[PDB]
Amino acid sequence: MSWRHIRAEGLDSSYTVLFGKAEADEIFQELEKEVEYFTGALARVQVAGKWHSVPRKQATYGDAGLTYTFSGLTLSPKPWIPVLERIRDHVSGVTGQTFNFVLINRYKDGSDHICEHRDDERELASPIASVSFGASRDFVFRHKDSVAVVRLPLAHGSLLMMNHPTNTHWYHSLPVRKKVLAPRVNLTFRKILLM
DNA sequence: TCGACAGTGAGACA
DNA sequence: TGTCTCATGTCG
Ligand SMILES: [Mg+2]
């Protein structure tokens, strides 16, 4: 495939268009039809005097028997459904990697956003693979000591690999974009350690 | 608790 | 003067 390499001090990501327009549209429609997001009616849960939040407005799928941590709670993801395995397999076919877990987030319009953050490394092996469908949304990298800014529209059917050491030295965000009126779905594939 | 996003002020430009 | 973008406070 044709890769754009995103290079800077401590930043190594790469970007390509994984699915052409027609196939991206079909997968997008199937994602909207099939993915089941936690609603967040239930907001938190307490054990031994400590509250723990519960994931809202996202969906997790992964291999049978796998568990992952979220705010101190160990959870099991939903078993793979066919469209996710399809996407997972295209990502693998184009990188030589395997993934056992995916986090799906939905951004209904430009006002849904994500504030500057670094992914939890505690449970990861590995490159993080992020696949987008729907409206194009700007994704931005900033350095944890600032140093330059890198901005990338994540287009319909694209794959962004965040390779080591991107996630240690740079924080990422998906900022508000008022003029975007249409939804975006993002899939973040990982390999969860069995250790 | 502490993660998601509400709230806010400064600065741009329309 | 109004709306947007960028970069601490709250609460379930
Ligand atoms: Mg992230």
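As a basis for the values below, the full set of heavy atoms in this structure was taken, side chains included, without hydrogen atoms, waters or symmetry mates. Residue numbers start from 1 in every chain, and the chains themselves are labelled A, B, ... in the order their sequence lines are given, proteins ahead of strands.
Looking at A:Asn163 and A:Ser13, their side chains never bring a donor and an acceptor atom within 3.5 Å of each other. Looking at A:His156 and A:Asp25, their side chains do bring a donor and an acceptor atom within 3.5 Å of each other.
If you take OG on A:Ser126 and CE on A:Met161, they are separated by 8.5 Å, rounding to the nearest 0.5 Å. Remark: A:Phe38 CZ to A:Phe70 CZ distance equals 9.0 Å, nearest 0.5 Å.
Note that A:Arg142 lies outside the cation-pi zone of A:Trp170, set by a 6.0 Å cut-off to the ring centre and a 45° limit from the axis. Figure legend: cation-pi geometry between A:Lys57 and A:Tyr37, with NZ or CZ positioned under 6.0 Å from the six-membered ring centre and within 45° of its axis.
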Restricting both atoms to N or O, compile the protein contacts to nucleotides 2-5 of chain C shorter than 3.5 Å, with distance only.
residue: C:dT5; atom: OP2; partner: A:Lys178; partner atom: N; Å: 3.3

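The NE2-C1' distance, from A:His52 to C:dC11, rounds to 17 Å in whole Å. Counting to the nearest Å, the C1' atom of B:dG3 and the CG atom of A:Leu75 are 14 Å from each other. The CD-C1' distance, from A:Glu116 to C:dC6, rounds to 9 Å in whole Å. In this structure, CG of A:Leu73 is placed 12 Å from P of B:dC2, rounded to the nearest angstrom. Summarising the geometry, the separation between CZ on A:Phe139 and P on C:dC6 is reported as 14 Å, rounded to the nearest angstrom. In this structure, the CH2 atom of A:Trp51 is 18 Å from the P atom of B:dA4, given to the nearest Å. Rounded to a whole Å, the CZ atom of A:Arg106 is 14 Å from the P atom of B:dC5. Across the protein-nucleic acid pair, A:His113 atom NE2 and B:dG7 atom P stand 12 Å apart, rounded to whole Å.
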Under a 3.5 Å cutoff on both atom distances, Watson-Crick or G-U, what's the dot-bracket for DNA chain C ([ ] crossing, | other strand)? .|||||||||||
Taking distance alone, no hydrogens or angles, what donor-acceptor pairs closer than 3.5 Å link side-chain atoms of residues 47-55 of chain A to residues at least two apart or in another chain?
residue: A:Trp51; atom: NE1; partner: A:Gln46; partner atom: OE1; Å: 3.2
residue: A:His52; atom: ND1; partner: A:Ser71; partner atom: O; Å: 2.7

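Nucleotides C:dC4 and B:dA6 are separated by 16 Å at their P atoms, to the nearest Å. Annotation: B:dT1 and C:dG9 have their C1' atoms spaced 16 Å apart (nearest Å). Comparing the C1' positions of C:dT10 and B:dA10 gives a spacing of 23 Å, expressed to the nearest Å. Comparing C:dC6 with B:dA14, their P atoms sit 15 Å apart, to the nearest whole Å.
Relative ring orientation between A:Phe133 and A:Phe19 is described as tilted, the plane-to-plane angle lying within the 30° to 60° band. In this pair, A:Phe139 and A:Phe141 present their aromatic rings perpendicular. The plane angle is above 60°, beyond the 30 to 60° band.
Under the side-chain contact (heavy atoms from CB on, under 4.5 Å) rule, A:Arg137 has a single partner from A:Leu154, A:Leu174, A:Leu152, A:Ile114, which is A:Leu174.
Set against B:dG3, C:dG12, B:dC5, the side chain of A:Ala43 has C:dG12 as its closest nucleotide. In this structure, of C:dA7, C:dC6, B:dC5, it is B:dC5 that holds the atom nearest to the side chain of A:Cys115. Here the side chain of A:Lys50 is nearest to one of B:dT1, C:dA7, C:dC6, namely B:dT1.
Regarding contacts with the backbone of B:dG3, every side-chain N or O of A:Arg44 stays at 4.0 angstrom or more from both OP1 and OP2.
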